[PDB]
Amino acid sequence: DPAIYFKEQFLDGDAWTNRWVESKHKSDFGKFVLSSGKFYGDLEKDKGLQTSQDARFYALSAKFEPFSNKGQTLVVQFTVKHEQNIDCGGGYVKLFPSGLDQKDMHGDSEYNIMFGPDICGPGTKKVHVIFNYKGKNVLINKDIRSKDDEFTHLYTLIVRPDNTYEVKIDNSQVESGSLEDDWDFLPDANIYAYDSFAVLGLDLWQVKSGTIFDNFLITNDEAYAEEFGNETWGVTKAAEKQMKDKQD
Ligand SMILES: OC[C@H]1O[C@H](O[C@@H]2[C@H](O)[C@@H](O[C@@H]3[C@@H](O[C@H]4[C@@H](O)[C@H](O)[C@@H](CO)O[C@@H]4O)O[C@H](CO)[C@@H](O)[C@@H]3O)O[C@H](CO)[C@H]2O)[C@H](O)[C@@H](O)[C@@H]1O
Ligand SMILES: [Ca+2]
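Residues numbered from 1 in each chain as written, not as in the entry; some residues may be left out. Chains lettered and ligands numbered in written order. Heavy atoms only, no water. Residues with missing side-chain atoms left out of burial classes, pairs and counts.

**Describing the UniProt feature "binding site: Ca(2+)" in the protein**
Thought 1: If you check UniProt for "binding site: Ca(2+)", the listed places come out as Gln-9, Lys-45, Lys-47 and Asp-214 in our numbering. The annotated residues that sit in the lining of the largest cavity are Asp-214.
Thought 2: As for its position among the elements, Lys-45 is in the loop between β3 (32-35) and β4 (48-51).
Thought 3: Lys-45 sits in the partly exposed class, given a relative accessible area of 45%. (UniProt positions renumbered as here; feature names shortened; annotations may be inferred. 1 Å grid on protein atoms, 1.4 Å probe; cavity = no way out; pocket = protein on both sides within 12 Å on 5 of 7 lines; lining within 4 Å. Helix = DSSP H or I, 4+ residues; strand = E, 2+ residues; numbered from the N terminus. Buried < 20%, exposed > 50% of the residue type's maximum accessible area, 1.4 Å probe, protein only.)

What follows is the structure, encoded as structure tokens:
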């Protein structure tokens, strides 16, 4: 049995609003809307959270029953679709410990892990993998290129209790190594371990909005995340491109 710490597919209309909390740290955060977009694999399945306002900060998050990854594997997975042809805007998630106030979450709130694609002009086309360690948020020393097209892509981070990690895009490995080698933490066997995870958050800036996020999964099972990804992103992809191609 895989431990399913968090799953979000937005399959039940407006009920997501009971699961996700808007921060009030700023009064002028942009709004997320539930949408499948202009083109999609399936109208119902491909509903997800869409940024709806240009040049805005975004702060929305969802709690789950707290857990620690000590002694086990951690997998964070979601899909990102920059349907708008983005110029500049984030597409990454943050995982927060139990202490976070969801009503006051912002860019500088303390987080454990930040993972996902970031785009800001041609210079920044990066997959972030950031670990909080000894009071610092440490960025991976490797260049992982993010996808920049209009289509749905799957992002997966795997963190294992032997201090190894793996990044997959579209369910295929793009980067791999050990935590000791690929970040400047600098023989600590417990770097990977955090005492709690309790909230997943979207803390973004976007110029051109319209990004859609879907199919969030936090789990301890690599094989399951891979299956879920094929059942999810893997079914979206071909039908989505078909519909877009139809659209001259
Ligand atoms: O990038 C590592 C960093 O990420 C997290 O913090 C994010 C930043 O605080 C910021 O993201 C940047 C923002 O940049 C632009 C705009 O706001 C600036 O004023 C402008 C001036 O140079 O440049 C950009 O236009 O957005 C872009 C697009 O996503 C990012 O690439 C920039 O990094 O704001 C976001 C949203 O609040 C933060 O998530 C982590 O919190 C931090 O620890 C980490 O080091
Ligand atoms: Ca969905």
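**Regarding the coordination of the calcium ion (ligand 2)**
Thought 1: Looking at the calcium ion (ligand 2), the protein donor atoms are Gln-9 (O), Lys-45 (O), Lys-47 (O), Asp-214 (OD) and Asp-214 (OD), and they sit 2.4 to 2.6 Å from it.
Thought 2: Under the relative-accessibility criterion, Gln-9 is labelled partly exposed at 23%.
Thought 3: For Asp-214, a relative accessible area of 4% puts it in the buried group. (Donors = N, O, S within 2.8 Å, 3.2 Å for Na, K, Ca; no water.)

**Topic: the nonpolar core**
Thought 1: Counting 47 residues, the largest nonpolar core has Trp-20 and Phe-216 as its most contacted members.
Thought 2: A total of five residues in this core trace back to one element, the largest contributor, which is strand β5 (residues 56-67).
Thought 3: Beyond its immediate stretch of four places on either side in the chain, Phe-216 contacts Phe-6, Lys-7, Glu-8, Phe-10, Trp-20, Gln-77, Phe-78, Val-93, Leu-200, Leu-202 and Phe-228.
Thought 4: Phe-29, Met-105, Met-114 and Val-199 belong to the second largest nonpolar core, which has eleven residues in total. (Core = buried A, V, L, I, M, F, W, Y, C linked by side-chain atoms within 4.5 Å. Contact = heavy atoms within 4.5 Å.)

**A word on the UniProt feature "binding site: an alpha-D-glucoside" in the protein**
Thought 1: Following the UniProt record, one finds the feature "binding site: an alpha-D-glucoside" at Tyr-92, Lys-94, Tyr-111, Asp-118 and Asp-203.
Thought 2: Within the secondary structure layout, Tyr-92 lies in the loop between β7 (88-90) and β8 (93-96).
Thought 3: Apart from the residues within four sequence positions on either side, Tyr-92 is in contact with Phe-78, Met-114, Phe-115, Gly-116, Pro-117, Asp-118, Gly-201, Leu-202, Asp-203 and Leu-204.
Thought 4: Residue position: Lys-94 is located in strand β8.
Thought 5: We classify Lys-94 as buried; its relative accessible area is 2%.
Thought 6: With residues near it in sequence (within four places) discarded, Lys-94 still touches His-106, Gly-107, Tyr-111, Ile-113, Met-114, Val-199, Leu-200, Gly-201 and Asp-203.

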